[PDB]
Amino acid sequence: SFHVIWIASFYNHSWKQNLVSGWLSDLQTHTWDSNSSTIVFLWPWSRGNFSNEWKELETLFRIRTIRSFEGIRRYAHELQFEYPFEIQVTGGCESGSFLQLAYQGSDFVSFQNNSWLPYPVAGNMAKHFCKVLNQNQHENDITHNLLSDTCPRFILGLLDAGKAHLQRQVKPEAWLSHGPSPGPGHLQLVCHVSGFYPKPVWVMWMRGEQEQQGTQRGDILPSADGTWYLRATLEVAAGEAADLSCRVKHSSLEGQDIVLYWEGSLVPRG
C-alpha cells in the first residue's frame, strides 16, 4: 500500500512551492528535495532492491514536474486557474491503483485505466484540463505502467526490506488527568495513552467490569518517534467519580491490560 503525495502551491506566475513525499502504509519513506532535485531516502530500506534505477526515477520525476509547472503556468488562464491556487495529487497502489488530482482542495480529475477523466462536478474546466493532460497518449501509457507495473516492484523492494518496522510492537504507557471540566458540578476524567504501535488500540473508562459508555475516544494523533497518542475522556458528576478506572488493551501487551485508577490526589483522598 505505497502512495505518493504531491503539493504544489502557485502563489503567482513567478512564485511557487513544491512538496513531494512517498509513504509505505502510513510511514513516510521518501522526500523530494526541490533544490538538490534528488530523492532523499528517509530510512536505509527506502532504497529497496533498486541500486543507483534511482537515477532514472529521479530524472523521470524531474522531467514530469518541470512539464507540470510550466504547463500549469501556460494554461492557467485557459483553465480559469486564478492565483493563488493549490494543486494536490496523490497516486498509489496496493490489487488496486489510484491517481487523483485536486484543485483548491476539491476533486478535479482522476487517472482511470489509460487516460485522465474529469470529475463531473468539476465542470467544463476539468474537461479542458483533461484535454491538456491527454495530449500525449504515450505519456499516459507511461503513467499507466507506473501504477500497474512499476509500483508492485516498488512494494516488493520496500515491504520485504522493512517488514520488521511495520510489524514491530511497542508497548503503550498511560496516565490520568483532569479535563477542562464541562458543566457545573461535573468533572472530566482524561485517560492518556501514548507510545503505542501499531495503531489499533482499545481504551475505555471502567467501573469494575462495566465499560462506561460515556467514554469519548479522541483522534489517534501521531508522535514524531513513530508511535501514536490518544485521549479518552469521561464526564461524570463530582460525587459519582468513585471506583472509576481506565483500561487499555493493545496487541503489544499480550492480554496484560494497563489499568489505572482514579485515585490518590486525583480524587483527592484525605
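One-based numbering along the sequence shown.
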inquiry  = Checking chain continuity here. Are there deposited residues lacking coordinates between residue 52 and residue 53, and if so is it 1 to 3, 4 to 9, or 10 or more (or none)?
reply    = 1 to 3
request  = Would you mind checking whether any residues of the deposited sequence sit unmodelled between residue 94 and residue 95, and how many (none, 1 to 3, 4 to 9, 10 or more)?
outcome  = 4 to 9
ask   = Got a sec? Mean C-alpha B-factor, which is higher, 40-48 or 236-244?
value = 40-48
remark   = Going by the entry, of stretches 160-168 and 98-106 the one with greater average Cα B-factor is 160-168
request  = Between 223, 216, 212, 35, let me know which has the highest C-alpha B-factor in the entry?
outcome  = 35
request  = Select one of 198, 195, 180, 120: the residue whose C-alpha shows the highest B-factor in the crystal structure entry.
outcome  = 180
message = Please say which third, lowest, middle or highest, residue 154 falls into when its CA temperature factor is compared across its chain.
response = highest
remark   = Quick tally, chain-level thirds of C-alpha B-factors: residue 24 sits in the highest
request  = Grab the CA temperature factor for residue 231 from the record and place it in the lowest, middle or highest third of its chain.
outcome  = lowest
inquiry  = Going by the CA temperature factor in the PDB record, which third of the chain does residue 78 belong to: lowest, middle or highest?
reply    = highest
message = Taking only the Cα B-factors deposited for this chain, tell me whether residue 114 sits in the lowest, middle or highest third.
response = highest
